[PDB]
């Protein structure tokens, strides 16, 4: 419970700051940073970002180039984020005034479809991206990751035809694993899909949905 304890303590601070916290998990390159870049275009969607990578400030810089307050966590070798890692980034974002102006604090986890599924970060929602080029068979291959999802995003949905990707396969696999979890088709080329997902998040904050998932 060491991480579990720390996650619970971070959740105290999230609520204190009036933040709805999202934890995005996927394979490397599923489209997380691009999605956040596109979400920044919705003025009614106010958020700051904690970025998890092994090295470089490449994702954080892309986001800051778009006007999003973002801070990079460099894990060095760790394949995942842990609750204790969030604290440092949280404190900086607080001191910078980023938290005061945000309705959402968004955690972009280390690219990894396995290990981040085992670490509670105190998030209200844990959302998993599965990109079309990865294959429509991945849900059952990484069941523990997809079972922690409060929502699944099929990203790069513009690529469905060229990859002969079967949305039905993902739907049916998720039906077995976690039927309550909604599935979203998303493309960076489809503003309407971004808008739909944004409104979904807004409503979730409204309800104050808080995942009870055990990691």
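Residue numbers count along the first chain shown, from 1.
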| item | value |
| --- | --- |
| 104-112 versus 88-96 - which carries the larger mean C-alpha B factor in the record | 88-96 |
| Selected stretch [higher average CA B-factor]: 149-157 or 173-181 | 173-181 |
| Candidate set 19, 22, 202, 25 [ranked by C-alpha B-factor, highest] | 202 |
| Top residue by Cα temperature factor, when 168, 187, 34, 164 are compared in the entry | 164 |
| Record-listed C-alpha B factor of residue 63: chain third | middle |
| Where the record places residue 132 (Cα B-factor, split into thirds across the chain) | lowest |
| Third of chain Cα B-factors occupied by residue 118 | lowest |
| Chain thirds of CA B-factor: placement of residue 126 | lowest |
| Residue 54 by Cα B-factor - lowest, middle or highest third of the modelled chain | highest |
